[PDB]
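Below you'll find the structure, written out as structure tokens, and then a few comments.
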Amino acid sequence: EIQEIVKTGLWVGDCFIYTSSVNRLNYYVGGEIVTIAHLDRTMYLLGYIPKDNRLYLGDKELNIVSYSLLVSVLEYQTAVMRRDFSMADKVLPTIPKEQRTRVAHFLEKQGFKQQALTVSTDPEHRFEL
Amino acid sequence: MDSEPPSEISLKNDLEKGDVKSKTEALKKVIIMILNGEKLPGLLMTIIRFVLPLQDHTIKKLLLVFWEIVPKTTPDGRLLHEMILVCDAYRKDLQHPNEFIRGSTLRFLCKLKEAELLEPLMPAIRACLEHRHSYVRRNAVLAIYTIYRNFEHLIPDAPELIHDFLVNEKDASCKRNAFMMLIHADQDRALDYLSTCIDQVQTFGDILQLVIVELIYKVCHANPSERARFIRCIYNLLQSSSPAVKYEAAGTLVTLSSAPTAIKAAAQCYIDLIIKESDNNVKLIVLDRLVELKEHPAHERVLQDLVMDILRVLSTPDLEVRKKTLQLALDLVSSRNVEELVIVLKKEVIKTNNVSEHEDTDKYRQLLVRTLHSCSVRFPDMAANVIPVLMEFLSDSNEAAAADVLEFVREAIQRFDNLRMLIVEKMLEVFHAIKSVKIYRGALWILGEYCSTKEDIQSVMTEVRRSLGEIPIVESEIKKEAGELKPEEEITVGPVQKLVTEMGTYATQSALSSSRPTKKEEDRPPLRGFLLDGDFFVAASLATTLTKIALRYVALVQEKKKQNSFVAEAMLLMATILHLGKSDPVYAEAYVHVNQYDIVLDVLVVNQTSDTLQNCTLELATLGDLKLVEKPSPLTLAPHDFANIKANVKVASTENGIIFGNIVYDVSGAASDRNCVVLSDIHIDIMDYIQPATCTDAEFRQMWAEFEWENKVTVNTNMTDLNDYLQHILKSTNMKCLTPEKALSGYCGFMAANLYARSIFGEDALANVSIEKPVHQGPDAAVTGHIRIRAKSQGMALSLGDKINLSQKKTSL
Amino acid sequence: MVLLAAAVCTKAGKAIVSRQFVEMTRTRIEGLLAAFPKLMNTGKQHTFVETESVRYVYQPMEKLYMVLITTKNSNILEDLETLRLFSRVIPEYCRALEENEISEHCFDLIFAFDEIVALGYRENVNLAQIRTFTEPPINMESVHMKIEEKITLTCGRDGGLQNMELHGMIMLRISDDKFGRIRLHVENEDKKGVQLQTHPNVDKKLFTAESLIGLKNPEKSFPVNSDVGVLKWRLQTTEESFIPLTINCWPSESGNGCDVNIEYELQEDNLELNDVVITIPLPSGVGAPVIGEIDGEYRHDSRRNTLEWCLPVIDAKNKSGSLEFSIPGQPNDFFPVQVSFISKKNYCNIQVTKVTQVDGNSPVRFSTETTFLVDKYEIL
């Protein structure tokens with residue numbers, strides 16, 4: 519059961535990307551809820567059109583807004599969920615600063631403090647691990 | 016009867032009259048005069064007589080009212096007994112079938128901590144043991160607790176009477192309505208019972224259970240009370256880097272600044288903090304959490320930066336919110352402050368792009384050029400951005416608009432040596448339409464330093480040199496400037512050498528060159544031509560000449576410490592500068748004594764006379780800001796009496812209507828014309844009345860400006876520094892030596908103190924004590940100090956002026 | 001008090017009507033109300049504003065302020081809520097706020113104030129309420276039984292039993308092959324108190340004489356909680372429980388000082404208890420004690436105001452001490468002495484008479500052990 523409520527949602531693979539009533543775009547992996555991104559306003563998932571390389575959102579308007587799904591983050595975290603911590607580390611060169619620390623914290627929550635230590639950019643997170 | 020202290024004779028009459036309304040009104044009038052604090056015992060027998068047994072609630076309620084605010088004091092109609100006229104027939108009142116009279120009676124009776132009513136209040140819990148309302152049961156737990164408080168911490172108040180004696184507190188927990196007067200010192204079993212009650216709550220009652228016993232294992236269980244404790248409990252379980260995202264704190268918090276812009280400004284601050292925790296350099300201060308709203312994905316839709324743009328402000332919302340917002344742009348994003356300040360400054364500073372950011376008032380324009388430019392001086396990357404934007408500033412092409420632009424950029428070149436070669440050609444352009452000083456000054460400096468780069472210069476300079484506008488300060492700036500950089504690298508009909516010729520003529524010489532200069536006579540008296548005239552050893556060439564000076568920057572020039580800088584964005588700074596950050740014969744003999752830190756005025760009162768002075772009373776008075784902490788109290792001053800009587804003294808009070816002199820001391824005795832005489836004990840001054848307060852350099856400076864302090868005296872025995880005599884004496888005329896206004900060196904080094912006080916005289920008091928202690932071969936007057944003084948109409952200025960000399964008193968009786 | 005006063009003000013520069021719950025703020029009430037409510041309580045159109053170190057809560061009505069003042073606070077919601085209820089009650093009496101009409105109904109308002117907030121604690125009121133007032268390995272086969280019990284006692288100096296109760300369980304750890312039926316025989320118990328719990332797999336047998344319990348044990352260790360009393364019960368120490376220790380206290384008035392002799396008695400001499408401590412309390416004006424004891428160590432401890440005697444193991448034994456006291460007050464009643472102890476028997480008197488196992492040959496009851504521990508054991 520997932521913490522952030524699903525106002526609307528979409529399945530990208532077996533991973534569920536949904537909007538939340540917090541305006542949070544989160545994805546469900548593992549039975550764990552991660553925030554892929556923050557929505558600034560209230561948005562609904564029209565669908566994911568591979569052509570545009572985008573997820574198409576709409577406001578109150580019958581027009582288009584687009585969010586590309588942050589696949590590198592999602593794949594890092596998904597791999598972590600599966601208990602493929604090394605695999606998620608291959609993703610890490612393309613996870614930036616603070617995101618490596620976060621993804622590391624994901625890795626850690628699932629378990630393996632050390633692999634999380636190598637990816638975490640932040641020294642403090644390394645130091646605690 | 017709002018407050019009328021003499022009316023007690025009419026009240027007695029009104030109190031019994033055979034008309035119930037009149038009696039009620041009378042008793043009511045007594046209540047209102049006592050509450051204010053006025054005369055009441057005369058009435059007592061009358062008051063007490065009608066009301067006593069009756070179940071008729073209104074008079075009874077009124078009398079019941081008067082027994083909790085003065086019962087002890089009033090004694091005509093009551094006197095002292097165990098079953099007083101407060102409670103004797105109010106045992107009937109307690110035992111009436113109507114809940115209101117019983118309940119009321121119980122409630123006042125048990126409320127008193129009176130010992131002359133201790134017994135009657137104890138079985139007074141009977142009146143509310145049966146609970147006809149929520150009010151009756153609450154009234155009971157509070158009354159048992161009040162009985163417990165009133166000398167019954169043991170077995171008189173603890174068990175049950177027939178249902179409560181300290182057990183309503185237990186009962187309440189399981190009953191339909193709760194309220195626990197059990198906060199301290201009461202039954203353990205009830206405390207335990209309240210815990211059980213957290214679940215089976217009554218919400219008002221829950222706030223009573225909760226003050227006693229807090230922290231839950233749950234999320235909640237319901238109701239505002241539990242909810243209010245809960246945010247406290249949450250802050251515990253995550254203290255770390257503020258709350259960050261405010262919990263249930265948010266609801267009270269808005270009202271905390273209802274006046275009206277300040278809430279948004281505050282809210283904006285939290286929202287900025289929350290975004291991210293950055294590097295936290297100089298004005299990069301965003302705390303809270305590192306990731307919780309990120310910054311800056313390239314797939315995030317419609318992005319974080321949209322909210323970040325609000326914070327970049329010209330005033331885009333209103334001024335209070337503006338000042339907060341500019342700091343807040345700087346705080347989330349920059350390198351320090353420099354990066355986001357350049358962007359922000361680019362928007363604010365004057366252009367040809369938008370005319371909603373340009374203005375024809377010269378100082379503001381200039382300041383805005385300096386703010387943009389200070390970012391370069393701070394950080395390199397900004398130099399490259401600044402120079403092209405500066406040329407856009409110029410493109411406005413008003414005399415003045417060019418002018419301001421030229422003035423900063425020229426400073427930037429002093430910092431930024433042969434890096435801004437490119438700008439010179441742009442800078443000349445608007446130099447020809449001219450009505451001001453500033454344009455000439457600045458242009459002549461760019462065109463002058465930059466000569467190697469260009470070759471135009473006779474042509475550009477010459478239209479201006481034979482044009483008019485305002486030219487004082489033009490002279491100074493052109494004087495050091497015109498030749499510079501490379502000896503022969505220009506030519507239009509005047510090479511660099513013609514320029515040195517010109518440069519010299521403009522400074523103070525004479526020469527046909529650029530169709531003569533506009534003026535020659537220099538700016539402010541000290542500057543003159545001569546230094547530069549001597550100079551240009553090697554004709555306008557980088558060596559040890561004007562060029563050197565021009566392509567170098569005076570002292571250290573780095574940061575935003577205000578060394579070729581101006582410290583952020585010019586509009587935000589005005590607000591920061593504003594912020595001061597202020598923090739019958741009678742004989743007396745007397746001395747002041749202190750034992751065990753008790754300060755007392757010793758007085759001895761002497762009757763050297765054989766005559767009668769009986770009727771002798773001694774008083775110390777409250778004059779104004781002087782006060783008695785206890786007058787001398789002996790009934791002494793009798794035939795050939797010597798007595799020592801101690802009058803305790805205070806220095807701090809509020810002004811009384813009687814005289815304002817030294818210390819008044821009053822002895823009374825026999826005599827009927829001068830029953831009271833005023834005679835003196837030793838000196839206390841007018842100066843006491845001043846109240847000490849302090850200033851910082853900003854408050855001192857502001858007040859200096861605010862009102863004149865020209866007035867000076869020189870005070871002897873200011874030979875010494877600030878710290879010694881001068882501080883101690885200044886203290887006694889309630890002043891204090893704070894911050895400096897000095898400028899010390901090997902030739903300078905008068906000690907300077909900035910003084911402040913805020914006198915209870917309708918004035919402040921300020922002064923500067925300058926101590927002329929020789930740090931030169933020719934001192935003012937040697938050791939001594941001149942105190943420059945003021946007060947707000949300089950009526951206390953004078954107090955400062957002489958109370959920094961000397962001051963001492965002693966006696967040895 | 002948390003609530004100094006509940007006050008209706010006119011910003012004429014005076015407290016129009018006001019209430020002092022208990023004599024404290026008489027004249028004080030008028031000066032506070034007169035200065036602060038004039039400035040809007042120094043507010044800015046905010047319900048809470050604090051000035052001169054006193055919390056003022058208010059509501060403006062005309063040239064008048066209805067004011068609540070506190071200088072302490074128990075909760076956020078509460079302060080507003082009493083003010084609020086007051087604001088339902090005040091127009092019933094005075095038709096909004098207005099100095100002359102407020103003045104005339106001093107009695108009405110004042111009475112409501114006493115009723116609403118009583119001794120500074122915010123009670124509740126209502127307009128109707130106001131009215132009343134103004135009216267396979269079997270070679271291995273072994274079994275072990277462990278009876279762990281705690282006994283509690285309260286006793287008088289006289290040696291009155293008062294109340295007592297034993298709590299315990301008998302755990303069995305058995306290594307037996309196959310599934311063997313076991314029958315347990317124990318003594319018969321009575322209990323003033325109550326409690327008995329039986330493990331599942333416990334059967335009750337009815338016999339003409341004697342009582343029996345039978346069960347297939349789980350292997351390893353488990354709480355037997357057999358039938359009969361059960362092998363998990365609270366029995367009353369009162370019901371036939373032995374109290375391993377009896378303390379006889381003889382206090383004596385040496386005069387200025389006090390001499391206390393404490394007598395300890397144990398059960399059969401052969402049995403020895405361990406971890407025994409006697410806590411003999413002392414009065415507040417202690418001076419110093421001199422204590423003597425044949426066995427163990429005894430030490431006086433101030434703070435605790437108790438003398439503690441500790442004995443590693445005892446067949447049985449006694450102690451004496453002399454106390455020195457300054458004598459303030461009069462004589463003081465004694466507080467009870469408590470003891471901690473361990474005994475290798477159960478004083479619930481549970482005896483395992485016989486546990487016979489079937490489904491196979493004789494197992495060895497390698498050991499039965501009893502651990503007895505003191506609970507709240509108090510004697511005056």
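Protein chains in written order, with the authors' numbering: chain D, 519 to 647; chain G, 16 to 598, 739 to 968; chain H, 1 to 135, 267 to 511. Every residue gets a Cβ at the ideal spot worked out from N, C-alpha and C, and that includes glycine.
With H, G and I counted as helix, E and B as strand and the rest as coil, what does DSSP make of residue i?
{"i": "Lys448(H)", "result": "coil"}
{"i": "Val355(H)", "result": "coil"}
{"i": "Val407(H)", "result": "strand"}
{"i": "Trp864(G)", "result": "coil"}
{"i": "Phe394(G)", "result": "coil"}
{"i": "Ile325(G)", "result": "helix"}
{"i": "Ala237(G)", "result": "coil"}
{"i": "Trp460(G)", "result": "helix"}
{"i": "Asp17(G)", "result": "coil"}
{"i": "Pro420(H)", "result": "strand"}
{"i": "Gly629(D)", "result": "coil"}
{"i": "residue 1015(G)", "result": "Nothing can be reported for residue 1015(G), as the shown portion of chain G is limited to 16 through 968."}
For residue i, which of the options has the nearest alpha-carbon?
{"i": "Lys72(H)", "options": "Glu62(H), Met61(H) and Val57(H)", "result": "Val57(H)"}
{"i": "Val404(G)", "options": "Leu95(G), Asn369(G), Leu299(G) and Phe194(G)", "result": "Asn369(G)"}
{"i": "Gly596(G)", "options": "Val508(G), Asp538(G) and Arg856(G)", "result": "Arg856(G)"}
{"i": "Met271(H)", "options": "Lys309(H), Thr377(H) and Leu127(H)", "result": "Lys309(H)"}
{"i": "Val508(G)", "options": "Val489(G), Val515(G) and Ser528(G)", "result": "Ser528(G)"}
{"i": "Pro267(H)", "options": "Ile425(H), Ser306(H), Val470(H) and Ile282(H)", "result": "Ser306(H)"}
{"i": "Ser415(H)", "options": "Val391(H), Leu404(H), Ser493(H) and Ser433(H)", "result": "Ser433(H)"}
{"i": "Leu588(D)", "options": "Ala622(D), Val530(D) and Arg559(D)", "result": "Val530(D)"}
{"i": "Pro20(G)", "options": "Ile47(G), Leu42(G) and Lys38(G)", "result": "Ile47(G)"}
{"i": "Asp532(D)", "options": "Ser604(D), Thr596(D) and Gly576(D)", "result": "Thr596(D)"}
I need the straight-line Cα distance from residue i to residue j, nearest angstrom please.
{"i": "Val489(H)", "j": "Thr499(H)", "result": "19 Å"}
{"i": "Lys279(G)", "j": "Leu133(G)", "result": "57 Å"}
{"i": "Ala419(H)", "j": "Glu384(H)", "result": "16 Å"}
{"i": "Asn960(G)", "j": "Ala946(G)", "result": "18 Å"}
{"i": "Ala427(G)", "j": "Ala565(G)", "result": "10 Å"}
{"i": "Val524(D)", "j": "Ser538(D)", "result": "5 Å"}
{"i": "residue 10(G)", "j": "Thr777(G)", "result": "Beyond the ends of chain G as shown, which are 16 and 968, falls residue 10(G); an answer cannot be given."}
{"i": "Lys366(G)", "j": "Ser586(D)", "result": "38 Å"}
{"i": "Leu100(G)", "j": "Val741(G)", "result": "49 Å"}
{"i": "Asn100(H)", "j": "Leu32(H)", "result": "20 Å"}
Please go through the same chain and pick out, in chain order, the residues whose beta-carbon is closer than 6 Å to the beta-carbon of residue i, but skip the five residues on each side of it.
{"i": "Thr285(H)", "result": "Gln293, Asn294 and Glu509"}
{"i": "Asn477(H)", "result": "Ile278, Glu280, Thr501 and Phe503"}
{"i": "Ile506(G)", "result": "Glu470"}
Closer than 8 Å by C-beta to residue i: which residues in its own chain qualify, once you throw out the five before and the five after it? Chain order, please.
{"i": "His148(G)", "result": "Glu114"}
{"i": "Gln524(G)", "result": "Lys535, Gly544 and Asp548"}
{"i": "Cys850(G)", "result": "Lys597, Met858, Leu893, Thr894, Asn909, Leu910, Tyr911 and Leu921"}
Report all residues from its chain with a CB closer than 7 Å to the CB of residue i; omit the five preceding and five following residues, and keep chain order.
{"i": "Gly13(H)", "result": "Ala34 and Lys38"}
{"i": "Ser887(G)", "result": "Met842, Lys958 and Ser962"}
{"i": "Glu863(G)", "result": "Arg945"}
{"i": "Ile213(G)", "result": "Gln224 and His236"}
{"i": "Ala793(G)", "result": "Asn762, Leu768, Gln769 and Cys771"}
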